[PDB]
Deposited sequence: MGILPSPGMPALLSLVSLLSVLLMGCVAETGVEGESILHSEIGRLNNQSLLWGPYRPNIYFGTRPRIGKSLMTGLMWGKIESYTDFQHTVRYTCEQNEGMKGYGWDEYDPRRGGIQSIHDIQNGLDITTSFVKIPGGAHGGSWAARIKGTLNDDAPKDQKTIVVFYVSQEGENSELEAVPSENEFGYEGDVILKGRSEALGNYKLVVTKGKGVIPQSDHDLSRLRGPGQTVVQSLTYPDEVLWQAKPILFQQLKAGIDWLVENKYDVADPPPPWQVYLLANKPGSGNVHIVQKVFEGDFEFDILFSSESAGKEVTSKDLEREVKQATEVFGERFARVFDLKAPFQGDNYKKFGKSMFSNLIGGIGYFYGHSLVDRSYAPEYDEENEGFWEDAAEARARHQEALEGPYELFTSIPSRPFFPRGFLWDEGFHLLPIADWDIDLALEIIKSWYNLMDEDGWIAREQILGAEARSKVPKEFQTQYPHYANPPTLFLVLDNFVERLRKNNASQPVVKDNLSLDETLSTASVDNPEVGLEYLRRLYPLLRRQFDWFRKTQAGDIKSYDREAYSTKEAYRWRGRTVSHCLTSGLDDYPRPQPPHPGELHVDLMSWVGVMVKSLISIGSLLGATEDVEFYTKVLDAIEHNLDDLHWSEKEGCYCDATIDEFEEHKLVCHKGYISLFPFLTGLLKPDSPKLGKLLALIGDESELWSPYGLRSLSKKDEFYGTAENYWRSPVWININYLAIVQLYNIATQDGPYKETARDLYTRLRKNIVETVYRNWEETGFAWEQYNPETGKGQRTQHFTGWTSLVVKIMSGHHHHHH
């Protein structure tokens, strides 16, 4: 039955708009297959279209906003794009139709409406670009009856091992098509849908913009050669209309020009299924998907007071939809330094200069290929897998569709190498790389990232203990299936646990350090004078200078999160030998958090170094780091240390702003200094951890029940309202929030862990 659910999940999830790096495009969960993308831009001049054309996601003055109004990857959804530069409001509706043996069928409606500022007679170029990778696959444009292009539908017939036989149709659509009275119309026609069918080597098919522009340029060169000149030039929109040449190839460019509003459909029909998909099917299944999205949202994200209002529900639907709508399928080689240079051990003072010298040997090489199916922080800025971000992303997604979340977890752990390393940043293939400066592509097998994916696994375990509808929960509804998933993943979780303990070890034994355990102590590898990128809190202040005797309380707390998860999963699988070890490690971390990291003077947890005189020193910088044992759920609800942490959390002069918890205390010497990334702003991912732990204490007997209830109530309200007010004013989820003004700052379209807000509103943890 595990095998049966696996195949049905495969078939359900195969097709999607799984190219979140571009406004709109489709690909299946197959490395070398059929991909589509949408391009559009106004044309007012002989030179403007190169500057107006849209393809890859951006955010700037020219784009008001964009995102998914509703989305669920098994069914499809609706995207809204508000383009000021091109004066267009665009809708892309995408729907999946199950059937046959090859992942089913799908359809898209593209609709563009001029805004009130646009010229009513605006000419808009729209391109549908289709590519297919594979040695033994075929794709052919059926030629038109008409001389110069198509009056009706463009039909593509293709075949592959992976998709079987299929037909991809771009409909005639509705809208005025401009007609040229120019002499050129005798050879190029007066204006119509055109198709160019081309072949390039498989590895460059993703470069749609340059491929398109090379064809436009060859057309303009043809005009120059054949005496079309500035004495009497064709109109711009005819100069940029490709000569019709349909045929077979691994690239097909479908170009339409519209005057005023337009719409057209894309119908992908799987031959292995029944009747071919129609525009009538598309309209019906779009209406059905909305109805089903609506009913699941009310069940899963039942917003509690005081966020019951319709405004909050629309806000919640927008944040959730953009998070799950960012799901991508990536395929290609990663760039990895596999030298394991001894400088990467960082055992000496000044280790950052040694490691810089090693990096400057440039022994990094492409390896793979790998695939990844994952949500992303940001379409315009970070359209790729980040390891600790994905733990936050999957908390709401698992509520929606636990089988989807387990698919993404499996996809991530299938990247783990023999030693137990997953790269914190997955840049798979040339397309993924095109967005990342070379200096920043190379992954390092000594760089960790917080194991936040274990949190998702903890939610799954608690749910396990206590057709698209049925599939979404198969892995909890059928315990045999749930357990088999954990049996197969369990060794990889354990391998990662051992990797952390082996590669991120701190030094107790070699200094004057007293503690309950000689073993449990941790130091993030990879830190520079001003940074610790691997912790996730890039520029949160750490001991100066960095030093091989450093110990990091967040890293120890993360290892606690992992042991506790392995106790749970180990127990379920009857791995008795394993569970007794985990139990002794947990006990050791509990004691060593106090013996190495607790400051009585300051009343919080601290990172540690060793002095100029080789002695253990605490270095206290009050902020997220100070609370880590509490954020990760390691403290007993009666702990005196908890009470001191609750006082710190609640203190307005330290962490507590009207807009949420500050990353760093106003009292710290490093408040608002340097890049001020994690040195004052409010981050929703760490606020979400605080909110969940306060709620845990508020719904249990103990000395802090009422303190925790008050802080829970207020922090939930402060966080939700800051994210909502900013969404209402800007249309955006932001990366972080200003604790003086409450303004969203840094990166827009951060959905992204800012979307946890939908879990905070729905409550009941």
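A.B. asks: Can you list the gaps, in order, where the deposited sequence has no modelled residues?
C.D. replies: Since the structure holds only modelled residues, the stretches it omits are 1-37, 504-516, 816-819.
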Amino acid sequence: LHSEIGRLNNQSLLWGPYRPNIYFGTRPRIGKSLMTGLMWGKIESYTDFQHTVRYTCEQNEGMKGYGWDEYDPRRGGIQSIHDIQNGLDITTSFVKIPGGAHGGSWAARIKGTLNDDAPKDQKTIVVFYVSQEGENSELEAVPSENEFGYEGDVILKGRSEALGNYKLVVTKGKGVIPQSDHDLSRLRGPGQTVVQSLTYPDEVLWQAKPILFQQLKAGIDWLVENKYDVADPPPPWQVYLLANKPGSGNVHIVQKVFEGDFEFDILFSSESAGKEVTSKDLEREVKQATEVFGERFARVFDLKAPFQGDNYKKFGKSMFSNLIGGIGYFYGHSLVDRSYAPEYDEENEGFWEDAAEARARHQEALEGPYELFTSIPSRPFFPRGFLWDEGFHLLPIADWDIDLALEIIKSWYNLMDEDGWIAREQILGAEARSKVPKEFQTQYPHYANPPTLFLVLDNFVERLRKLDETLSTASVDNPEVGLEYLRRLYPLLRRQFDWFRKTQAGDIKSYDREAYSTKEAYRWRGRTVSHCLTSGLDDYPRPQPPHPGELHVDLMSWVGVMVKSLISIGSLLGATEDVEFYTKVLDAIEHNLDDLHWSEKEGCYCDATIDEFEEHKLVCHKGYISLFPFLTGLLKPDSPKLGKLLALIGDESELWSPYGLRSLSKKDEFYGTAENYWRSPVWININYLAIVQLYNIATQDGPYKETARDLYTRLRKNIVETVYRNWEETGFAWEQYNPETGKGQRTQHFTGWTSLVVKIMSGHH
From here on, numbers count along this sequence of modelled residues.
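A.B. asks: For the higher mean C-alpha B factor in the entry, choose 272-280 or 668-676.
C.D. replies: Looking at the recorded C-alpha B-factors, 272-280 comes out higher on average.
A.B. asks: Which is higher on mean Cα B factor in this entry, 437-445 or 583-591?
C.D. replies: Mean CA B-factor is higher for 583-591.
A.B. asks: Go through 525, 494, 379, 209 one by one and give the residue whose Cα B-factor in the PDB entry is largest.
C.D. replies: Answer for 525, 494, 379, 209: 494, with the highest C-alpha B-factor.
A.B. asks: Select one of 396, 570, 233, 681: the residue whose C-alpha shows the highest B-factor in the crystal structure entry.
C.D. replies: Checking the PDB record, the top C-alpha B-factor among 396, 570, 233, 681 is at 570.
A.B. asks: Based on the entry's values, in what third of the chain does the Cα temperature factor of residue 301 lie: lowest, middle or highest?
C.D. replies: Ranked within chain, residue 301 CA B lands in the highest tercile.
A.B. asks: Name the third of the chain's ranked CA B-factors that contains residue 76, choosing lowest, middle or highest.
C.D. replies: Middle third of the chain for residue 76's C-alpha B-factor.
A.B. asks: Can you tell me whether residue 41 has a C-alpha B-factor in the lowest, middle or highest third compared with the other modelled residues of the same chain?
C.D. replies: According to the entry, residue 41 has a C-alpha B-factor in the chain's lowest third.
A.B. asks: Quick one: classify residue 717 as lowest, middle or highest third of the chain based on its Cα B-factor.
C.D. replies: Middle third by C-alpha B-factor.
A.B. asks: So where's residue 61 on the chain's Cα temperature factor ranking, which third?
C.D. replies: Answer is highest: the recorded C-alpha B-factor places it there.
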